[PDB]
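Heads up: the sequence lines are chains C, A, B, X, D and V, in that order. Under the entry's author numbering, think of the first position of the first sequence as 191, with each following residue one higher. Under the entry's author numbering, think of the first position of the second sequence as 191, with each following residue one higher. Under the entry's author numbering, think of the first position of the third sequence as 177, with each following residue one higher. Under the entry's author numbering, think of the first position of the fourth sequence as 177, with each following residue one higher. Under the entry's author numbering, think of the first position of the fifth sequence as 177, with each following residue one higher. Under the entry's author numbering, think of the first position of the sixth sequence as 205, with each following residue one higher. Just so you know, even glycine gets a beta-carbon here, dropped at the ideal spot from N, CA and C. Below is one structure, written out as structure tokens; comments come after it.
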Amino acid sequence: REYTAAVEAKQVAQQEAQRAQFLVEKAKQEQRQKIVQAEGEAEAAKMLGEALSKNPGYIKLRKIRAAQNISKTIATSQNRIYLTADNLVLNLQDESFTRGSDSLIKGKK
Amino acid sequence: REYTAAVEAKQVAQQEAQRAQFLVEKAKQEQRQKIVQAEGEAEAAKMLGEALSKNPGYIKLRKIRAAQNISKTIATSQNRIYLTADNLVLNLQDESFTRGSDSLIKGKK
Amino acid sequence: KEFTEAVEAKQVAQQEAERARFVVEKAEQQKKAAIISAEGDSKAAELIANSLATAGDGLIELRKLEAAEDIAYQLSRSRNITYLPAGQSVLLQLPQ
Amino acid sequence: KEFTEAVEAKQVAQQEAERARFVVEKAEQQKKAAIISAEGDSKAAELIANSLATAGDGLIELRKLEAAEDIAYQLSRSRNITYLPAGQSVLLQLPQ
Amino acid sequence: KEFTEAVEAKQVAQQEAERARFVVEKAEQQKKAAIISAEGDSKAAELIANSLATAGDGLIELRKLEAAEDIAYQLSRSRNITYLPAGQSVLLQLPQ
Amino acid sequence: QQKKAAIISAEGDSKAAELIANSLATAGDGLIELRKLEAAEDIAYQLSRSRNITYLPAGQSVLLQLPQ
Numbered sequence: 191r192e193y194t195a196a197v198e199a200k201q202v203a204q205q206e207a208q209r210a211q212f213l214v215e216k217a218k219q220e221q222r223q224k225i226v227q228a229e230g231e232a233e234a235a236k237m238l239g240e241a242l243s244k245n246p247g248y249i250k251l252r253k254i255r256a257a258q259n260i261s262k263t264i265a266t267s268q269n270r271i272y273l274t275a276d277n278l279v280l281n282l283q284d285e286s287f288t289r290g291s292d293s294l295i296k297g298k299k
Numbered sequence: 191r192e193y194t195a196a197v198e199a200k201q202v203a204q205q206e207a208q209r210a211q212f213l214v215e216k217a218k219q220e221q222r223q224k225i226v227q228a229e230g231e232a233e234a235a236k237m238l239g240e241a242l243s244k245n246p247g248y249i250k251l252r253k254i255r256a257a258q259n260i261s262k263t264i265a266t267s268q269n270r271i272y273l274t275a276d277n278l279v280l281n282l283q284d285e286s287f288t289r290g291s292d293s294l295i296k297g298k299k
Numbered sequence: 177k178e179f180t181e182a183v184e185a186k187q188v189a190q191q192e193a194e195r196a197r198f199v200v201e202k203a204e205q206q207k208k209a210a211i212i213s214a215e216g217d218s219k220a221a222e223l224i225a226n227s228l229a230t231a232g233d234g235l236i237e238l239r240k241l242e243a244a245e246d247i248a249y250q251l252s253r254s255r256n257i258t259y260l261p262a263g264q265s266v267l268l269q270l271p272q
Numbered sequence: 177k178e179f180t181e182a183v184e185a186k187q188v189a190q191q192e193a194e195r196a197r198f199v200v201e202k203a204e205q206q207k208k209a210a211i212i213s214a215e216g217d218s219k220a221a222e223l224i225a226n227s228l229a230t231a232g233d234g235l236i237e238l239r240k241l242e243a244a245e246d247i248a249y250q251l252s253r254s255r256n257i258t259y260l261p262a263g264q265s266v267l268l269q270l271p272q
Numbered sequence: 177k178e179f180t181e182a183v184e185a186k187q188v189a190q191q192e193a194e195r196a197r198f199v200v201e202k203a204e205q206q207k208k209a210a211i212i213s214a215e216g217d218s219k220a221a222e223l224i225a226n227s228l229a230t231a232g233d234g235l236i237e238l239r240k241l242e243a244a245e246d247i248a249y250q251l252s253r254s255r256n257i258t259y260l261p262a263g264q265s266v267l268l269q270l271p272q
Numbered sequence: 205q206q207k208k209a210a211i212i213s214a215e216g217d218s219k220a221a222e223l224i225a226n227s228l229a230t231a232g233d234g235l236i237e238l239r240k241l242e243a244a245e246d247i248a249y250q251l252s253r254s255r256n257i258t259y260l261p262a263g264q265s266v267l268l269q270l271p272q
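Printed below as a string of structure tokens:
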């Protein structure tokens with residue numbers, strides 16, 4: 191079973207070493223394609239880095255809008271979870287109520 | 191199957207690269223459409239900063255009103271979020287009653 | 177079975193390698209498209225960033241408050257969502 | 177048979193392209209009108225923001241009261257209500 | 177029975193040994209090709225690493241925010257997953 | 205129109221406030237408390253229908269294991 195199988199495997203492995211350098215080429219083309227897919231991801235990466243790493247203005251607002259896209263997606267989310275209480279600062283009558291978001295005075299944030 | 195598919199896909203790929211420049215135009219248009227969704231968001235942003243970076247007043251008041259609205263739709267929310275003891279002070283008799291209600295003092299807010 | 181399959185794979189792979197040179201071209205074009213769409217989103221975002229940086233954190237927090245209504249709106253289409261205060265020593269114990 | 181279905185999908189994509197042309201125009205229009213619908217709701221916000229940056233939270237005190245009546249009737253539906261501490265090292269076990 | 181089995185194994189071992197020498201050569205070609213698919217991925221990764229090192233952490237955090245939406249999208253196609261604070265004395269429990 | 209007499213609606217609510225505010229700042233919670241009792245009767249019937257009424261210590265390093 192494995193004797194003729196291995197001999198034919200050696201011959202087809204000559205053929206497939208030729209076709210495996212050919213795979214170098216073809217999967218190189220699919221490599222550029224997948225590079226380019228994850229590099230549209232990466233151009234999102236660049237764009238957002240240059241835009242919002244100097245100072246996260248919309249990365250602040252995207253902590254926000256993407257915690258809310260996460261929690262516009264928490265519908266699927268059976269997930270038990272825990273945010274923090276001083277996050278939603280449901281501390282309405284508190285000293286640290288607007289320690290949470292008088293951090294709007296930049297420096298606390 | 192993948193041979194005829196590949197060749198037809200190469201010809202369709204030439205015509206679809208032309209249509210892909212057309213797609214670049216169409217996606218600049220979608221660029222504008224989502225630019226503007228979050229730029230109505232951003233009109234809110236630019237003005238809310240100019241009116242609150244002075245001192246977060248509607249942001250104080252909108253932590254309060256977003257806590258109120260968060261409660262308000264916690265009503266329909268099954269969420270086993272909570273609050274806890276002693277800020278909305280319903281230790282209705284307490285110093286903390288004058289440290290959650292007198293927490294409204296500026297400096298403590 | 178691997179001989180004919182290997183020959184057809186080599187032929188289909190040459191067709192796909194030329195088609196995929198043109199698909200790397202298509203991918204540059206489709207990335208112009210995807211960059212510009214994800215940047216519909218994200219250029220809306222950068223103009224929001226400019227608004228909040230020049231004006232301050234106004235709607236940083238106020239879409240952290242308006243969209244915080246989304247928390248109470250949308251947390252418990254499931255049944256176990258909640259939170260836990262910080263600056264403290266919480267004994268976190270998730271529900272069952 | 178599947179060739180007709182594939183051509184139909186291609187035509188559907190082309191019709192989405194046309195719809196996106198008219199979304200171009202709709203995008204011009206809500207440029208103007210979404211910027212300024214913001215301007216409206218948002219200037220309710222401008223002045224409340226300034227009024228409060230000067231003094232502090234005035235209207236959801238009175239509307240903790242008024243919106244208590246109304247939308248905290250819409251909260252008297254909220255089955256589980258408790259009321260948080262803070263300023264201390266608060267530590268918690270919570271509902272399952 | 178082990179007699180014939182082991183003699184057959186000897187002949188199979190000869191053929192497989194020569195086979196596998198050339199499978200190692202074909203695997204030099206295929207290691208290049210697999211490095212190349214992993215290059216699709218990893219060279220997207222080189223350009224991402226360069227992009228983020230040059231431009232800070234924008235999408236380090238914004239695939240932690242934008243594609244953190246994936247966390248809510250996916251975490252819960254089962255019913256016992258969660259995400260929960262720290263920076264405290266969190267004394268984690270996990271459920272039945 | 206709401207400019208005028210919503211500023212004045214405030215003026216009403218807000219001088220009920222002013223006088224209570226001077227009242228309690230000078231002395232303390234006087235009718236907040238007497239009507240903590242009277243509103244015990246009334247509003248803590250509205251807030252005894254409040255089912256899981258529970259109290260809590262504080263003033264110390266109080267560490268809470270509140271209801272499951």
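>> Beta-carbon within less than 6 Å of residue 214 of chain V's beta-carbon, same chain only, minus the 5 sequence neighbours each way: which residues are those?
In response: Apart from the 5 residues on each side of it in sequence, residue 214 of chain V has no Cβ closer than 6 Å to any other Cβ in its chain.
> What is the DSSP secondary structure of residue 266 of chain A, reduced to helix, strand or coil?
Replying inline: Residue 266 of chain A sits in coil when the DSSP states are folded into three classes, being neither helix nor strand.
> What is the DSSP secondary structure of residue 260 of chain V, reduced to helix, strand or coil?
Replying inline: Note: residue 260 of chain V maps to coil in three-state DSSP.
> Of the choices D:259, D:217, D:263, D:195, whose alpha-carbon is the least far from that of residue 245 of chain D?
Replying inline: Residue 245 of chain D has its Cα closest to that of D:259, out of D:259, D:217, D:263, D:195.
>> Is there a C-beta anywhere in chain A that falls below 8 Å from the one on residue 222 of chain V?
In response: Answer no: the Cβ-Cβ gap between residue 222 of chain V and chain A never drops below 8 Å.
>> Quick check on the DSSP output: the alpha helix (DSSP H) that includes residue 242 of chain X runs from which residue to which?
In response: Per DSSP, residue 242 of chain X belongs to the alpha helix (DSSP H) from 235-247.
>> According to DSSP, simplified to helix, strand and coil, what is residue 223 of chain D?
In response: Helix at residue 223 of chain D.
> What does residue 297 of chain A reach in chain X if we use C-beta pairs closer than 9 Å?
Replying inline: The premise fails here: residue 297 of chain A is roughly 10 Å from chain X at the closest Cβ pair, so nothing lies under 9 Å.
> Per DSSP, which one or two residues make a beta bridge with residue 211 of chain X?
Replying inline: According to DSSP, residue 211 of chain X bridges with nothing at all.
> What residues from the stretch 228-243 of chain V come within 7 Å of chain A, judged by C-beta to C-beta, listed N to C?
Replying inline: Under the 7 Å Cβ criterion, the stretch 228-243 of chain V contributes 237, 240.
>> Mapping the DSSP letters down to three states, classify residue 260 of chain C as helix, strand or coil.
In response: Correct three-state label for residue 260 of chain C: helix.
> What in chain B is Cβ-close to residue 238 of chain A, meaning under 9 Å?
Replying inline: Chain-order list of chain B residues neighbouring residue 238 of chain A: 227, 228, 231, 232, 233, 234, 235, 236, 237, 238, 239, by C-beta distance under 9 Å.
> Where residue 228 of chain V and residue 234 of chain V are concerned, what is the direct C-alpha to C-alpha distance, given to the nearest angstrom?
Replying inline: When rounded, the distance between both Cα atoms is 7 Å.
> Taking residue 206 of chain B as the reference, which of A:223, A:225, A:212, A:222 has the closest Cα?
Replying inline: Considering only alpha carbons, the answer is A:212.
> Going along the stretch 222-256 of chain C in order, which residues come within less than 9 Å of chain A, judged by CB to CB distance?
Replying inline: The residues in question are 247, 248, 251, 255.
> Applying a beta-carbon distance threshold of less than 9 Å, which residues of chain A neighbour residue 268 of chain V?
Replying inline: Contact annotation for residue 268 of chain V against chain A: 274, 275 [CB-CB distance below 9 Å, chain order].
>> Nearest by alpha-carbon distance to residue 201 of chain D: which of C:210, C:278, C:262 is it?
In response: Among C:210, C:278, C:262, the Cα nearest to that of residue 201 of chain D belongs to C:210.
>> Please classify residue 184 of chain D as buried or exposed, where buried requires at least 16 neighbouring CB atoms within 10 angstroms.
In response: Residue 184 of chain D should be labelled exposed.
> What residues from the stretch 200-211 of chain D come within 7 Å of chain C, judged by C-beta to C-beta, listed N to C?
Replying inline: Result list: 201, 202, 205, 206, 208, 209.
> How many whole angstroms separate the CB atoms of residue 194 of chain D and residue 200 of chain C, which I take to be in contact at a CB cut-off of 8 Å?
Replying inline: Their Cβ separation, rounded to whole angstroms, is 6 Å, which keeps residue 194 of chain D and residue 200 of chain C in contact under 8 Å.
> Is residue 271 of chain C helix, strand or coil when you go by DSSP?
Replying inline: Correct three-state label for residue 271 of chain C: strand.
>> Between which two residues does the alpha helix (DSSP H) holding residue 225 of chain C run?
In response: First-last of the alpha helix (DSSP H) with residue 225 of chain C: 192-242.
> Does any residue of chain C bring its CB to less than 8 Å from the CB of residue 180 of chain B?
Replying inline: The beta-carbon of residue 180 of chain B is placed no less than 8 Å from the nearest beta-carbon of chain C.
> Is residue 297 of chain A helix, strand or coil by DSSP?
Replying inline: DSSP places residue 297 of chain A in coil when its eight states are reduced to three.
>> Spatial neighbours of residue 268 of chain B within its chain, please: C-beta separation below 6 Å, excluding the five flanking residues on both sides.
In response: Close CB contacts of residue 268 of chain B within its chain, under the 6 Å cut and outside five residues either way in sequence, are with 260 (chain order).
> Are at least three pairs of beta-carbons, each pair with one atom in the stretch 218-228 of chain B and one in the stretch 228-237 of chain A, less than 8 Å apart?
Replying inline: The stretch 218-228 of chain B, when compared against the stretch 228-237 of chain A, does touch it at the 8 Å Cβ threshold.
> Shorter than 8 Å from the beta carbon of residue 214 of chain V to some beta carbon of chain A?
Replying inline: So no, residue 214 of chain V is outside the interface.
> Under the rule that 16 or more other beta-carbon atoms within 10 Å means buried, what is residue 225 of chain C, buried or exposed?
Replying inline: Buried.
> Between residue 170 of chain B and residue 249 of chain A, which are expected to be in contact by the criterion C-beta below 8 Å, what is the C-beta distance as a whole number of angstroms?
Replying inline: Because residue 170 of chain B is not part of the residues shown, which for chain B are 177 to 272, the question remains open.
> In whole angstroms, what is the alpha-carbon distance linking residue 136 of chain B and residue 219 of chain D?
Replying inline: Lying outside 177 to 272, the shown extent of chain B, residue 136 of chain B is not represented and no answer is given.
> Could you give the C-beta distance for residue 203 of chain A and residue 179 of chain B, rounded to a whole number, given that I count them as a contact under 8 Å?
Replying inline: With a beta-carbon spacing of about 30 Å, residue 203 of chain A and residue 179 of chain B fall beyond the 8 Å limit used to define contacts.
> Is the beta carbon of residue 217 of chain B sitting closer than 8 Å to the one on residue 228 of chain A?
Replying inline: Yes, they are a contact pair.
> Is the CB of residue 293 of chain C under 8 Å away from at least one CB in chain D?
Replying inline: Among the residues facing chain D, residue 293 of chain C is not included, as its CB has no counterpart in that chain under 8 Å away.
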